[PDB]
Amino acid sequence: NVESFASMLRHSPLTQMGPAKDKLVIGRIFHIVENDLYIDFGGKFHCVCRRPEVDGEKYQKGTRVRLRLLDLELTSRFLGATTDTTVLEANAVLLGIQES
Amino acid sequence: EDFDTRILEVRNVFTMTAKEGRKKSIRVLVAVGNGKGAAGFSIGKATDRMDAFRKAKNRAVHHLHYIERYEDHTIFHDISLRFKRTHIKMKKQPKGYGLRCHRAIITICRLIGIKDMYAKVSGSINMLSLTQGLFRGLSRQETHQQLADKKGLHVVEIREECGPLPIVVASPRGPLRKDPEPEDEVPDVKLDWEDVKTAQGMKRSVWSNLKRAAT
Amino acid sequence: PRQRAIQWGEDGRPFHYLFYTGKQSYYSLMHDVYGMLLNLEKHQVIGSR
Amino acid sequence: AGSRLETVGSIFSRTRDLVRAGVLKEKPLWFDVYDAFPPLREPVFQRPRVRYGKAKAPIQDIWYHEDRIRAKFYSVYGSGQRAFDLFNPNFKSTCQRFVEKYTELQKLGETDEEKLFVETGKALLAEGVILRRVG
Amino acid sequence: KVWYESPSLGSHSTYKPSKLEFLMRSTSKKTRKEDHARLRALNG
Amino acid sequence: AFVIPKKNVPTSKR
Amino acid sequence: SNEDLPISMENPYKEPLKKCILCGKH
Amino acid sequence: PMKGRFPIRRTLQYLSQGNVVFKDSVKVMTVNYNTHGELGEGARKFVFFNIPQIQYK
Amino acid sequence: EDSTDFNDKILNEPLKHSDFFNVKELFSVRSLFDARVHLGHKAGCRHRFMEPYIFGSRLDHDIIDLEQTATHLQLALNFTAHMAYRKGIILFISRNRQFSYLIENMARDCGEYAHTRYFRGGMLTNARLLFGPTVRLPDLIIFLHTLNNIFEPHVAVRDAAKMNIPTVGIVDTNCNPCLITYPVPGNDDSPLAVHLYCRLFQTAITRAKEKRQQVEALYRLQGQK
Ligand code: FES
Ligand SMILES: [Mg+2]
């Protein structure tokens with residue numbers, strides 16, 4: 001009775017989410033560069049969001065935040081290209097901080 | 001020490017330069033081989049011809065192909081290929097046939113260790129295309145053991161000098177198929193008009209089958 | 001000239017884990033400085049040239 | 001003496017052949033390991049080609065029966081104001097809770113789709129779930 | 001592509017037009033064929 | 001086998 | 001075989017195509 | 001290469017492999033065949049492959 | 001007289017066992033799934049030679065079949081352990097700067113080598129000039145990322161094949177695995193995936209080196225008496 005990969009994939013939260021556009025997810029700040037927040041939200045790629053003007057000091061490494069997802073991976077195919085150009089990051093809008 | 005080096009082409013290349021006008025350099029093509037299947041070729045470029053020789057021959061020994069030989073004297077099957085605009089058609093031959101091939105192919109065949117082969121070069125006769133075209137075709141030849149393994153059947157050689165005796169040359173290492181190979185009444189293989197015109201006695205050439213020195 | 005002694009032993013194994021960069025001393029220094037910048041985050045002129 | 005023709009065969013085939021020809025006096029340290037435990041595919045250079053005409057990749061889109069329920073739920077009720085927590089491997093969203101109830105009621109013999117969808121919302125409201133219709 | 005050439009190999013490179021990059025650049029380096037294009041189009 | 005001019009003298013090295 | 005394997009069907013999350021302001025009007 | 005599919009048919013060796021040598025009585029042989037249809041496939045291959053051998057002999 | 005017994009009891013004995021180092025106990029399809037190894041790039045970035053190893057596309061995002069990853073990872077870890085057991089030089093290569101520091105530490109800790117920096121022309125194909133005529137090259141090169149920073153194959157993939165060095169490589173869905181000796185289809189971007197790979201190779205290498213010492217020591221004690 002060993003779980004198969006097909007079973008893990010069916011019942012994974014990322015599979016159950018469906019399309020990522022306009023989906024609220026909880027992210028975690030893992031790296032900070034000046035006012036650029038690098039946030040992991042459970043996907044393949046992190047998103048980069050600028051520090052909000054209000055309560056900017058509350059956003060620190062480890063701070064859990066609320067995001068509105070737009071794309072899991074920003075990619076586009078440009079004229080005369082055989083493959084897609086990827087910037088290796090997700091697109092999301094930082095809404096605020098998650099609190100209990 | 002086991003490798004011999006042969007020159008295939010020595011060219012004088014002339015480069016127009018911004019300040020020094022026409023300058024003269026040397027491009028050399030050389031082939032190396034040990035006579036036991038290991039052979040290669042390399043281009044050399046230097047101002048002095050002797051330097052171009054040293055560069056090519058030393059580089060060629062690091063780009064060695066291994067060439068499979070049937071009974072260590074000929075190729076495993078007829079090879080017909082085109083490299084760019086140079087066509088090479090090679091025929092497997094029995095012992096004693098010798099090397100009846102373009103002189104450059106003769107030189108390379110002695111380095112590889114092929115003793116009996118017929119070859120015809122058509123189209124562009126470009127030494128570089130011929131050299132790398134020849135090595136490409138000789139390195140992609142399927143041996144009898146590979147044929148037996150691919151089809152899981154015996155490879156049986158019939159020689160007219162040995163009559164009807166079946167000579168198994170290769171047997172599959174894996175299981176042996178039980179279903180005979182389908183017998184297509186007529187094969188859809190493409191033929192060379194030169195080969196057919198010769199077999200029908202319609203090929204007339206004063207230059208074919210001429211007496212030549214042992215090669 | 002203090003060219004470093006052979007950078008490998010008799011078995012041929014290089015001593016430094018960054019040997020194959022060709023700049024092991026420079027990249028070993030960059031690695032040590034980059035590591036210090038990381039640890040600070042986890043924790044958190046005229047006189048000389 | 002060796003071969004740098006990386007596009008001719010594989011490192012194994014090129015190494016095996018030069019050892020037979022006597023060009024390599026010793027086998028490399030990795031050869032015996034490769035022979036004992038070879039890869040699934042022999043590493044031979046290949047040139048990736050572009051597809052033309054009626055040639056299409058065999059990759060198939062991954063879909064599930066419950067995806068139909070999820071598409072309708074998102075259309076009717078939108079994404080839940082509750083936020084997905086993709087770090088918890090057992091996270092259940094309002095949509096997944098809806099899908100599980102929808103699956104239970106279907107197994108009880110109900111077969112209509114429009115009726116099986118309205119009864120599911122009522123059950124969750126009874127359990128205290130917030131379902132604000134988008135329109 | 002069009003008669004306007006778009007063959008550049010590093011087409012996936014992320015363009016970084018910042019004041020800091022200019023200082024961290026090989027002095028030997030000269031503007032490539034399609035390097036001016038991004039400047040002509042970014043200025044627009 | 002044949003003779004070609006040698007590349008250099010080993011004393012002529014760093 | 002296995003119940004959790006993907007099944008073939010058409011995209012259920014596909015959005016409708018865009019329409020101009022005058023689509024469907026004389 | 002030799003033009004057409006199955007260029008072997010245009011060789012003297014192939015044409016001499018016919019085993020049908022008609023008796024002196026045979027003066028005319030008409031072949032009625034259909035270009036399409038699974039049940040007329042052998043007749044098409046007979047026209048394609050063997051009529052040349054029959055005529056040669 | 002005594003050398004043949006050495007090579008037979010120490011060098012040839014591990015090659016008679018299917019998993020001599022028990023590298024299958026190091027990972028599972030579940031452990032790989034939790035590290036997000038199955039997450040690939042978007043379908044538009046797919047390489048056609050990676051199609052065999054792809055389970056499917058989930059809303060235009062390719063999913064890597066972890067059943068194959070587990071089989072490929074088993075072979076790659078097994079080969080790596082045997083090469084570490086034989087005291088081969090293992091070189092880790094990656095140009096992804098998010099993980100340069102992590103990879104350099106993993107190499108130092110396992111007693112191997114890392115090259116995460118700009119790869120200069122000819123490090124492998126012109127090594128004798130760059131390092132010296134007696135320089136020993138790596139016996140195994142492990143790519144944790146097979147692509148450079150302009151999304152082309154790392155030059156060392158081609159140059160390792162030219163120098164007949166076997167390569168282990170994590171190959172994402174936009175990568176080309178043709179010339180990688182032991183490819184492992186897996187996510188090369190997510191920190192959880194990369195951290196997992198570094199733990200597995202580090203452990204496989206460290207175990208094989210300790211196993212080599214155990215066998216040698218036993219073979220000597222028994223030899224005297
Ligand atoms: S979108 Fe214009 S008529 Fe439909
Ligand atoms: Mg990737």
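Residues numbered from 1 in each chain as written, not as in the entry; some residues may be left out. Chains lettered and ligands numbered in written order. Part of a larger assembly, values for the part shown. Heavy atoms only, no water.

As recorded in the PDB header, cryo-EM is the method behind this entry, and the stated resolution is 2.76 Å.

(A) Local environment of helix α4 (residues 94-107) of chain D. With 14 residues, α4(D) should cover 20 Å at 1.5 Å per step; its first-to-last C-alpha distance of 20 Å lies within 8% of that length. Considered for burial, the residues of α4(D) that qualify are D:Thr94, D:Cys95, D:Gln96, D:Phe98, D:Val99, D:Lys101, D:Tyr102 and D:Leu105. Next to the buried residues of α4(D) lie α2 (13-17) of chain A together with α3 (65-77) and α5 (113-126) of chain D. Positive phi appears at D:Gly109, one or two residues downstream of α4(D), with a value of about 105 degrees. (Helix = DSSP H or I, 4+ residues; strand = E, 2+ residues; numbered from the N terminus. Expected span 1.5 Å × (residues − 1). Buried < 20%, exposed > 50% of the residue type's maximum accessible area, 1.4 Å probe, protein only. Contact = heavy atoms within 4.5 Å.)

(B) Up close: the state of the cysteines. Evaluation of the coordinates by the stated rule reveals zero disulfides over all chains. Residue A:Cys49 stays outside any disulfide, its sulfur separated by 4.3 Å from that of A:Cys47, the closest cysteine. The thiol of B:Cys109 is not disulfide-bonded; the next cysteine sulfur, from B:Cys101, is found 5.2 Å away. Residue class for B:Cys109 comes out buried when judged on its relative accessible area of 0%. (Disulfide = S-S within 2.5 Å.)

(C) Quick look at the sheet that holds strand β8 (residues 117-123) of chain B. Residues and elements named next belong to chain B. On the basis of which strands lie adjacent, the open sheet formed by four strands has the order β5-β6-β8-β7 and mixed pairing. Looking at strand neighbours, the two that pair on one side only are β5 (79-83) and β7 (99-100), the edges of this open sheet. In the packing of helix α2 (residues 103-112) onto the sheet, contacts are made with β6 (86-92), β7 and β8, and the angle to β8 comes to roughly 140 degrees. (Pairing = 2+ DSSP bridges. Axes fitted to C-alpha atoms, helices over the stretch in contact; angles between N-to-C directions.)

(D) Spotlight on the interface of chain B and chain D. Contact residues are listed per partner, giving 11 residues for chain B and 10 residues for chain D. Taken together, the two surfaces of chain B and chain D that pack against each other cover about 930 Å², and 62% of this comes from carbon and sulfur. Looking at the side of chain B facing chain D, the largest losses of area belong to B:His62, B:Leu64 and B:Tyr66, adding up to 50% of the total buried there. Counting across the interface, chain B meets chain D through one salt bridge. A salt bridge links D:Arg20 to B:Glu68, with the shortest nitrogen-to-oxygen separation between them at 3.6 Å. Taken together, the connections running from chain B to chain D amount to four residue pairs in polar contact. Looking at the side of chain B that touches chain D, its residues break down into five nonpolar, four polar and two charged. (Buried area = accessible area lost by both parts, 1.4 Å probe. Salt bridge = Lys/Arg side-chain N within 4 Å of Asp/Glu carboxyl O. Polar contact = N/O pair within 3.5 Å; in protein donor to acceptor, adjacent residues only side chain to side chain. Nonpolar A, V, L, I, M, F, W, Y, C, P; charged D, E, K, R; others polar.)

(E) Quick peek at the arrangement of the chains. Considering every one of the 13 pairs of chains in contact, the largest contact total is recorded for chains D and I. Chain C shows no contact with chain D. Their nearest C-alpha atoms sit 13 Å apart.

(F) Quick look at the coordination of the magnesium ion (ligand 2). Residue and element names in this part refer to chain I. Protein-derived ligands of the magnesium ion (ligand 2) are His41 (NE2), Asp172 (OD), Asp188 (OD) and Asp189 (OD), with the metal-ligand distances lying across 1.9 to 2.2 Å. Linear spacing of the donor residues for the magnesium ion (ligand 2) on their chain is H-x130-D-x15-D-D. Placement of the pair is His41 in strand β1 (residues 39-42) and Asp172 in the loop between β7 (167-171) and β8 (182-185), with a sequence separation of 131 residues. Classification of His41 as buried rests on a relative accessible area of 1%. Its relative accessible area of 0% is what places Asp172 among the buried residues. (Donors = N, O, S within 2.8 Å, 3.2 Å for Na, K, Ca; no water.)

(G) Layout of the side chain of A:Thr15. Relative to the helices and strands, A:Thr15 resides in helix α2. Its relative accessible area of 3% is what places A:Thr15 among the buried residues. Engagement of the side chain of A:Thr15 in a polar contact is seen with the backbone oxygen of A:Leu9, the distance being 2.6 Å. Sequence-distant contacts of A:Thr15, that is, excluding residues within four places in its chain, are made with A:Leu9, A:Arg10, D:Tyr64, D:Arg70 and I:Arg58.

(H) Examining the interface of chain D and chain I more closely. Counting residues at the interface gives 37 residues for chain D and 46 residues for chain I. Regarding the contact of chain D and chain I, the summed buried area is about 3,400 Å², with carbon and sulfur atoms giving 61% of it. Here chain D and chain I share four salt bridges between them. In this assembly, chain D and chain I are joined by 16 residue pairs in polar contact. When residues of the side of chain D that touches chain I are traced back to their parent elements, those giving at least two are α1 (11-20), α2 (31-36) and α3 of chain D.

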